[PDB]
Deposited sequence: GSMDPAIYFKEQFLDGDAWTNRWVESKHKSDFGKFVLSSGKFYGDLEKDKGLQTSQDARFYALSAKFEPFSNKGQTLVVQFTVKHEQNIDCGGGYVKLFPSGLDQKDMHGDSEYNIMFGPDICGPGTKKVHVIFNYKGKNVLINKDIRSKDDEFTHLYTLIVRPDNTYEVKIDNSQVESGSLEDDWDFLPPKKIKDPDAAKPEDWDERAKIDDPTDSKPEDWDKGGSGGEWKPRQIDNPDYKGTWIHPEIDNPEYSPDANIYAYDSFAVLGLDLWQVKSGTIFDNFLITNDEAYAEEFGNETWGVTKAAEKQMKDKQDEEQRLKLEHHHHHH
C-alpha cells in the first residue's frame, strides 16, 4: 500500500485555510485565492490556489505528519497553470524539514528540496531541481525546459534510495540520472598530484630515446568519499509556496507527496489527465468566440 504523506486538491470550498498557513515575515505578501480560472476542465474540480496580485512575493505553506525518505522512494507531484500569459514568475514548491515556523517563511528559509518551473523572460524557462546538501543549495547541472503556455501542466520529481532521480512533465520523463552525476555534491574523485612537477630534463623528442608526453599524473582525492545517503533527509514536514510573480494568475492544484511512483503516475492520469482535454476544449471555444 502507498503512503500518502500529503494530498491537496481544494475540494471542500473554504476549508483549505485550515491546512494552509500564511507567512508573516513580510506585511505585504500577495493573496492566494481559491479559483479555477477563466477556462477549466471542471468548474469545481480544477479549483486551486491562484496568485491574485501583480508584482508580489508569495509565502503560503501546508504542514503534514513528519516523515523521512530513508530507505524508500520520494515523489513530489503537483499541477501548475500559468493562465495569465506569464512574463516572470516562479511555479515551484519547497519541502521543509521539521521545525519551520510557517508564520515566518521567506526566501532564505532553509529547505530540503526545491522543485518546479521558473520563468523570467525568454531567457529563463527552466525546471529547478535543488537539493540542500551540507550547507549548500545545489542546483541540477541539467537544463530542463518548463512549460510556458496557459494550460495545466503536471510536474513530478522522483527520488530513489539508490541515489537516482527522475523528472516528469505531463506524466512523461524529461530528465533522468543519478544524484552524484547531475549535481556537484561531492569533491572530484581524481585531483592532480600536488607533489609532482616537470622535469626541465623532460625530453620531447623522438630523434634518429626517452619518451612519452608530460601528462601531470592524477591521484585519488584524499578528501573524496562516496555518500550513499545524499537522497536521504531526516524530516519533511511542510510544503511551501514561496515565490515571486510579476504578472499574477498562476493556479496550483493537486499536490501529492508519496513514496509510490505507480500511484503518482495513476493519480496524475486521474487529475491532470482528466483536466487537459476538457480544458483545451473550453479555451478553443473562448478563442473562436473571440474571433468569430
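Annotation: deposited residues 1-3, 212-239, 324-332 are not represented by C-alpha coordinates in the model.
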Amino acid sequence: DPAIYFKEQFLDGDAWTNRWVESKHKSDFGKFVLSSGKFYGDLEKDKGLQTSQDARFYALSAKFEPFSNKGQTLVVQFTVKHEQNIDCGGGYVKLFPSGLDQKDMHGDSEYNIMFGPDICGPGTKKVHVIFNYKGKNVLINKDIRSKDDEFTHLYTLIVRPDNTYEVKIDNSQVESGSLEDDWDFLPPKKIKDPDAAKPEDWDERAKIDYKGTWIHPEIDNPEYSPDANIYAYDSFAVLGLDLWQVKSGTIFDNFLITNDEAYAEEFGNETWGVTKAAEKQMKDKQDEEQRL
From here on, numbers count along this sequence of modelled residues.
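On average the C-alpha atoms of 216-224 have higher B-factors than those of the other stretch, with 216-224 and 176-184 being the two compared. Comparing 246-254 with 230-238, the stretch with the higher mean C-alpha B-factor in the PDB entry is 230-238.
Going by the entry's values, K198 shows the largest Cα B-factor out of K94, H82, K126, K198. In this structure the maximum Cα B-factor among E150, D118, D87, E204 is found at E204.
For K142, the recorded CA temperature factor ranks within the middle third of the chain's modelled residues. When all modelled residues of the chain are sorted by CA temperature factor, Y210 is found within the highest third. Sort the modelled residues of the chain by CA B factor and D260 lands in the middle third. When the CA B factors of the chain's modelled residues are split into thirds, the value for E266 lands in the middle one. Annotation for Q77: CA B-factor lies in the lowest third of the chain's modelled residues.
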